[PDB]
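Provided herewith is a single structure, encoded as structure tokens, for subsequent inquiry.
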């Protein structure tokens, strides 16, 4: 058995491995979103950069979980990674709606793992999620919600104009 | 005969001279585009500067070809340079469409010369085009395509508004 | 159809998408290798850092391919990503042998794509692979081969001693 | 009609467009002169650099005229550009004689345009030529004349020696 | 067999070893040229330094080939090195003519190896020659041709005078 | 005859030319040793760098002799250079033993030339060897002897371990 493992349930160990798969799935979804908005026939650089950054950020979340798994003496186990849900992502509005759906799913997975940890009396797990994941997720979802509202107010009856303006004047670009 | 020339066909030498004429023609087209957008009755500074820069960039391509001609021991031969295809260039959209047509023609000329070089077993010629021309051309055409998509999304039903916004918020100006 | 695409076959476009999948598979394999050597019951930091860096490097290769796909006017298409071939990776020797097998497979995929590009008279594709992939791969495989030889000479009859010494004195660590 | 144009005759507008053609012709002549002296079988670097600089300087003159055309509310119109008068330019002496002939022709065109402007009571045109063209031209022709005299004194009965010495000791080179 | 070797023919491996011998032969020829022009009864320092630098440059070419041989998993094999073709090298003109003959022979060997690589579908080999050898060779041969033309124009009927002047005013010396 | 030569025998002149051949032979031997230890199946970087440096150092010795030949008014004469004695160099121990054999042969050649110079009452020759060659050779042979002793003490019954340790902990590497 493990020489370091202490107060670390098999249930938590397995749930952490599943959460890693979810975050890597999310990372891959954002990679696809980024390259869609980089297409010459889409060409919204600020949108591309927004999702490319999220791809890296979700990968970092997976990395932290994996590090924690080893710190606790669990065994990182990797599974197949499903492709993203779409090949083409429509408008900025469509994409930001898909992103907030994705983030809510990751948030619920975080809350579910926190509840498991609490049931298992695993305070290191609970604190780890609180300190590195829960607030970052709330902050990101608030940001997406802010963006959705601004995108929606810009649709009006000149959708193209508003999509350009949002990309130019809210999102970070060269 | 030439004291330095080696593995340099007459076919390649002649094709290089024709390519120089094509690039100088392109340079002159961009000079005309630039001065059109500088007119007081057109007055799109970012568009003017975009095409003025391309005039210089295409001249630089011609210059590099001429330098290479001499490095290989061929003889630079200059022909008459035809004037651009238009005197007035319409909207930014019209102009960017003409530019991408022009660039595709230069790209095809590059690919044709590369194929001639390959047929003639002239690896210095092939590498020269690969290293200094092919990727620069792909990059430029991608940029133009990005611009066309952004211009097209801004037309809407307020063409003037969108043409101003594109010039202000995408193209580089004072 | 595409407004920028020129001299870019459907065969190459599809092969690039498959190559992206191969590089992301390789990246994921290296992520798993890295976290195995980070285990408290394996604990070879220099080996962990070697494979973690390769995970990032292979991801970067996939990223460059995807960027190129868009520059040429092809469509990035993502498929499911299979999990790595093993859950536990044995000794440093075992792992470095698996790594060189993996790299040879990526190298053969590169050479196959280069041959397709050459058959299709696609010099931009050929140059792209030459300039950004082929030499990096040769260099990496040479490095792995150097490492294998040093690992093999250290096995002797005190395998543990040699595995520690290699990690301490050849691989980069804190 | 034009919203800015004032005191700008059609005669001057047309003459400015013709002068642009003359300066671009001169620029192209100097480009050809430069590349001739860059040939491996000519190989006079200081002579190459002298004419390359003049190619740029004459292009700059054309550019200033075009800018002025727009500032006055005239319409820049570009015509075909004839190739230079020669494909091969003989000795430095031959080339410098051709250059001074060329410059005298540009100078006479300047003086003719100034006279037209004066007849048309167009003081902005007259001042523009005085301030940016007439003295630069006098200065250049004086310099060429200085060079011709030095070249002629070096011919003697060892033409090759003198042509080398002039290039080395008067003209600017690496 | 080799643990790293992939897509590297025996034909290419052998041809690389022969090319190393050719470059080391060339290096030795330049060493001899340099020391001839350092003789008190020849005493042309700029000529000495020109050929001494080429001795080092050709050695560097051999070194790069040898490094590449190992990177590909071939076996560097060294053969006897023949002495240079002459013990005394005549005038600067004689020497520069011998040098351009030598360089054309190295260039043809490069082109022959590139053709072998292409026949063998060895793109790493082809790119290696393109990126590190072909253009450097074209550049050097152009430089030599420039020098030959300047030497030839200085012969006149005062050969000694012209040989001194060329060494003083074109070649780099203290 | 020579305008500078004084007190410089034909015997010394010829012996200097032979010594140059010996040092260039030694340089080539070290080049081969270096590239052997750079092989992926040998892979001892510190050993590679040790012999690569000696290749350069022996070349420098040959260069100094050639310079001296000219300073004295003798004629540098180059002969064919035989290939090294081996294609593969065995262990570090084997290689260092071959190196000390080589160095002892160069040292004896130095001492023989010094004795010839002394017999010929050629104090400039004697001082030249004393000041630039004899002590450098003694120092190098002492260093090699130190290395041999350390290599021999590390063989024990785990030859691979000791060869790695010597390369890592005594020889200079990245």
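Every chain is named by a letter (A, B, C, D, E and F) in the order it is written, and numbering of its residues begins at 1.
One rule holds for everything that comes next: a contact is a pair of C-beta atoms (placed from the backbone, for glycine too) under 8 Å apart; a residue touches a chain by one contact, two chains touch by 3 or more.
Should one ask which of C-F and B-D has more C-beta pairs in contact, the pair is B-D. Checking A-C, C-E or A-B against D-E, more than half of the residue-numbered contact pairs recur only at A-B.
A separation of 25 Å divides the Cα centre of chain E from that of chain F. Our note on geometry: chain B versus chain C, Cα centroid distance of 37 Å, whole angstroms. Chain centres here are Cα averages; for chain A and chain E they lie 58 Å apart.
Across the assembly, chain A contributes 40-41 as residues in contact with two or more other chains. Chain pairs that touch, as defined above: A-B, A-C, B-C, B-D, B-E, C-E, C-F, D-E, E-F. Interface residues of chain F, counted against chain E in their complex, comprise 2-4, 28, 31-32, 35-36, 38-41, 66-67, 69-70, 73, 75-84, 87.
Here chain F touches chain C in the complex through residues 40-43, 45, 158, 160-161, 163-165, 168-169, going by the rule given at the top.
Listed in rising order, the residues of chain B touching chain C in the complex are 100, 104, 107-108, 111, 114-115, 118, 126, 129-131, 134-135, 138-139, 141-142, 144-145, 148-149. Every residue of chain E that touches chain C in the complex is listed here, in rising order: 3-4, 6-7, 70-73, 121, 123-124, 126-128, 130-131.
Across the interface of their complex, chain A is touched by residues 142, 145-147, 149-150, 152-158, 161-162, 165-166, 169-170 of chain B.
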